[PDB]
């Protein structure tokens, strides 16, 4: 049993340190143009054996480090973080502990819960369900308790995301996580995505500030286009949570 | 025979060596993943359990993961 | 078993090479006898690319048809063995070693179908001849005869071409004391092609012609195909007609000449002076 | 290999019979036989040039890109053109341009043999680029060619003689050069100095017609590319040439002879 | 035998379906062909047997192997089409025998008869000269020409005997209930020089 | 360190070489191997008659890659052919690397060396190749010390040797440690050479063939139309082009995308095309009737 | 034409290299090493080839 | 022989290849490139390649063994993004933002009339538009006008998000801009639309980071 495990290790060492890439655009059947997840853009081949048809720009390929030929096909790109968000759906707090808020609770369902089962109900009206939910309130109310509490009771796929540390100073690395959650939800349809403390990403005019005021804006720009820009949601709903709607960008 | 193959592993186990984070754990079978067609058949996905690991040196590396390392933690 | 699944046949330089070698290798069994081998290659492809061949023992009588020996063991062991290395390559069929298509061939073919998943008849005309190709492709077709018995097994020709992988082409050049022959290329090659075409046409017409003499007297059958072909030639009556010329070629060289002269003018001073330097250069070199 | 060179050796001065042998050896499966065929014509023809022999060799080489033949044509020239010793550098000037290292090897070997006894200025310069080229055989052949012309000629005749020794030495001390070159260099040294410049290798004898042992000795010697004890054949090419007298009883008189030149300069000037 | 290449020729005739051997000739010959093979293997592991069919046109079924399995499977199948095509059986066998995976062994043909042999004296005599020159012997087990026919075969077998140390044999098996095995009468299980 | 060894000159047959290319291209990028069949003749020459492969595995060029099942199975069958051949050595391909052996690969070479010490490993490169002369090298493979001492050239005698560089200083160092490039000769002749020459007998039909007249007209039209576009630049070209400096000329008189090169190229296709089509139509007419 | 191919065999082995970089010279030192700053990688003090 | 010699060079020209981008030609023997790795190289140019199409900016291939300029790639190939929002177009037209007449007439004239037909605008005498800036209150809906025209053309609309230019992977960022712009030049005419430049490019940059 031990010998079998030992065997795969040699495969890496023969290729010398295998690297991930993606097919940018297909030049011809033999030659693809690959943009690397590691760095340089590459012109690549394919094994005789490995079919051309399988590779897609929506998905990832692997390359032999030393000759740059595609060894094989790899699955769709998803961030490590997003796998942890999907899992985080049962954080407990039942529907009993969030009561008294019940009138406001009914309003949240109309937006979030109804398009999952049937988008057909809003379709008969001849209207496309309203985009984005904003939860706001004075502190202690339980704006975050509510979003979280229903997600556990149904136990639907729910991405719970902390967005008050997702911005980093690492240019380009902050962008990817924010994109990935929208894309992912379209795939795992139906889904709900809730971002908590996105007051952080809520930006202002700034432009006399530190390096910290600068990173917030890139992320804030990205959200705008993703909602309404030329890209838009469907059955899947995106929920925001704030403390102040005043900290928010005027455009947002 | 285990010891000859592991010796190469031992040198990588010894210093210098990096820390990284796991982007995805694929964990597919060493048994047939699909019979590739085209010019010459065979399988090209003869990879065992695999992981796509991101180094902290802003490059991405593909790696076949061993079976001895517990699957659950990963 | 599959023979009908091939429209077009392509052969690597290897197969043409391999067959000549096998003939000797068996222990020099020939004359009346032939040598066969397996063809390994693709199938379930409209294009048949025969990858390799390896030697097989064989004794053939082609003057009789109730005796032949075919090695059973080799085919089977070879098909079983090969899957691990290449799952696509299977035994594609067998080559016959000339001089032409026989009815003697159906019999040998039948066995090959049973043993091997596929068969195909590639006929390589004898020991090395010709500038072009010597292989013809045939697939065994089942037809009705409206005068004899339905389900007869015969051979119908299919187009023969060549084709091979990149690495192999590169190998041919290294070994060889040129690269390839004519089929069409340069200005010289097109004209050769024309002369190549005439000697080639002439060969086809002899086959028909010798056959008619033999059918008329010596009583070889009268088939509708042979007669249909001959009649058409007289009927169509082609008439020579105008067109296809151009005069452009001269202007282009004239245009280039004026520029070529400006270059020679600058060149002249250096070229002229160099002549003296060379004779002296040889003395200096020898001295020091 | 043994049998192949041996077919060439037996001929000498019987021109016509060799024309038959060479074509047949060239057609064969064996590469070695192709090179031996050239030797066959070189010897049979050495006696007087003809057009026939050079013409035969020449067509095979141009036609094809085959290495083994291409060297053969150029090589074969020196032995046959021997009668007017200038000519071998004429044909070889066009052939030394060739990018094939084979041709380049064969160009140097040819120049070596023809010019050996009565030298040419043109022959010297042709050898220089072969030495330079980095391939192993071009270099060994070039260094041995240089020495052959230079035998029985003192190191004050021109500075080139001196230069040739320094080059040989450079290579043998070095490990940075090729093994094949170390053999050419040492051998080269060996030829130039042999018998302290009273032993010679020439195209013709001082009688006025061909000095058969010298001619024969060089060609059997040039192979060593595979198998190295082969180089020792060079001994037949080495022939002593010294003015010595004869007494009535067959012994050595200590008589004097006049010389037109100062005999002091020629007493081995400039050694290492 | 020790270092012999043997081709067993199988008879499959409309006289093999017969019930002269009890309960059926097919079965009784089936026990015989298996025995002959098990015996050679037990005798020498290096010994090999091959298969060709006498009946109809020539098919080379197996080239040289140790397998009893191949000869068994063929026997179950009957051929109403073809019986004993002797002249041809010898010729394919001689050719076949040459290429071997037990190389530089002696050359032997065992043919089972079990149908009247169609072939006349002119074929038979002709065949004997080809056999001498190639130096291959043929053995006949004769229950096929006592059943309603006179034995043509004996003269041919006698002449063939003594061309080497593994000579020919005429093995006599009755026609009526006695099976296709009465192998006791003359050697064939392994080679012997006598008749 | 002193030992009295001889080098193996590898004589590869035409049949054998071509198969080695075939296998190596196919294996890409994953490294694959196989055994060599041949004969041992003279006192150093191992000749490769033919080659077969051991399986394609991602565990390739290893002891494991070697299959006992293939080897036995072939050898019984080979006895029948009237050629049971010796295993002179083993070939492998690296299309992930050059002529520098891998770390597994050195052990694998050693196992072959135990069986027959006239064993070599030949490296076949088809996309890690820098030469179209077929980048192949031969190694017997002997230890490091032998190079360091300078013993290794004493053992090789009866060699010429050679050195090439597919991939930098690292490869050179790997090569030197081994046994460097030991000489490869080829056993070839004119019959084998003629087989490789071929293309199409179909040239017979094609030399005579000519197309529909409407097509002859399409070609003539397309070219004359094309020639008009380039013509306007051509005027400038002949008036000027005092410059001889390729970079300056390119900007000045549209020297790069030159009207001379292309217009000539165009007159030449049109002329040749019209001649062969026209010439064939007329030839056929006379002859068939 | 012969010259073009002659040149060609040498180029393949020559080209085999660890790459190139582009920088600028801030200052030279008297000893003939030059302090240059490579634009993507660090600053280096390194010598000139005068061939 | 020249052909067989050319074949030497054909084998080196193969994979592995890494893509650089050709800054300029000094000569037809040496040139300067700045590669996608995130490093620039001054490297040698071999034989059997064109510098005719490669003299102005284009993609180029280097061999990873040599780390020098072996081969060439077209200026068209290695385009980071070609199209988006013309095969992803919204179905929104001028009749779902039925009002704002002054605004509707301006967008239509600037964006639609040069894509559909460059000749007519130029014919009049007045230049066809080059750079468009769009300003106003945010509550009007600039993106929506952009949508209507995106639907109507159904070709030559390149949608690029300003965050998508910046990148974690090394050296891609300044390069990413070269690849998309260079493609607009080749498939002329085409419009490049940047949604918000008001949160990617800022008035204050601190440049300590």
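When the chains are written out, they are named A, B, C, D, E, F, G and H in that same order, and each has its own residue count from 1.
The rule we apply is simple: a residue touches a chain if its C-beta (ideal position, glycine included) is under 8 Å from a C-beta of that chain, and two chains touch if they have at least 3 such contacts.
The chain list, named the UniProt way, goes like this: C = Proteasome 26S subunit, non-ATPase 7; F = Proteasome (Prosome, macropain) 26S subunit, non-ATPase, 14.
Asks: When F-H is set beside D-G, which has more C-beta pairs in contact?
Replies: F-H
Asks: Give the identifier of the chain nearest to the protein's overall CA centre, each chain being represented by its own CA mean.
Replies: F
Asks: Please work out the Cα centroid separation of chain A and chain B, and write it as a whole number of Å.
Replies: 26
Asks: Distance between chain F and chain G based on Cα centroids, please, to the nearest Å.
Replies: Using C-alpha averages as centres, the distance is 33 Å.
Asks: Taking each chain's centre as the mean of its CA atoms, how far is chain C from chain G in angstrom?
Replies: The separation of the two C-alpha centroids amounts to 52 Å.
Asks: Taking each chain's centre as the mean position of its Cα atoms, how many Å separate chain A from chain H?
Replies: 27
Asks: Give me the residue numbers in chain D that touch at least two other chains, ranges are fine.
Replies: Only 65, 99 qualify.
Asks: What are the residues of chain F that contact at least two other chains?
Replies: Counting only residues that touch two or more other chains, chain F contributes 25-26, 56, 58, 76-77, 80-82, 103, 127, 130-133, 167-168, 186, 188.
Asks: Note the residues in chain C that touch 2 or more other chains, in rising order.
Replies: Counting only residues that touch two or more other chains, chain C contributes 57, 71, 73-74, 86, 170, 173-174, 177-178.
Asks: Can you tell me which positions in chain A touch chain B when the two form their complex?
Replies: Touching chain B from chain A are residues 1-13, 17-20, 36-39, 47-52, 60, 62, 71-75, 78-80, 83.
Asks: If we count contacts the way the header does, which residues on chain H are in touch with chain B in the complex?
Replies: 168-170
Asks: Quick one: which bits of chain C touch chain H in the complex? Just the residue numbers, please.
Replies: For this pair, the touching residues of chain C are 170, 173-174, 179.
Asks: In the complex, go through chain H and note every residue touching chain A.
Replies: Against chain A, chain H makes touches at 15-19, 35-38, 61, 64, 73, 77-80, 82, 84-85, 88-90, 138, 143, 147, 150, 159, 161-164, 166-173, 175, 195-196, 198-200, 202-206, 208-209.
Asks: Which residues of chain C touch chain E in the complex?
Replies: These residues of chain C touch chain E: 57, 59, 65-74, 107, 111.
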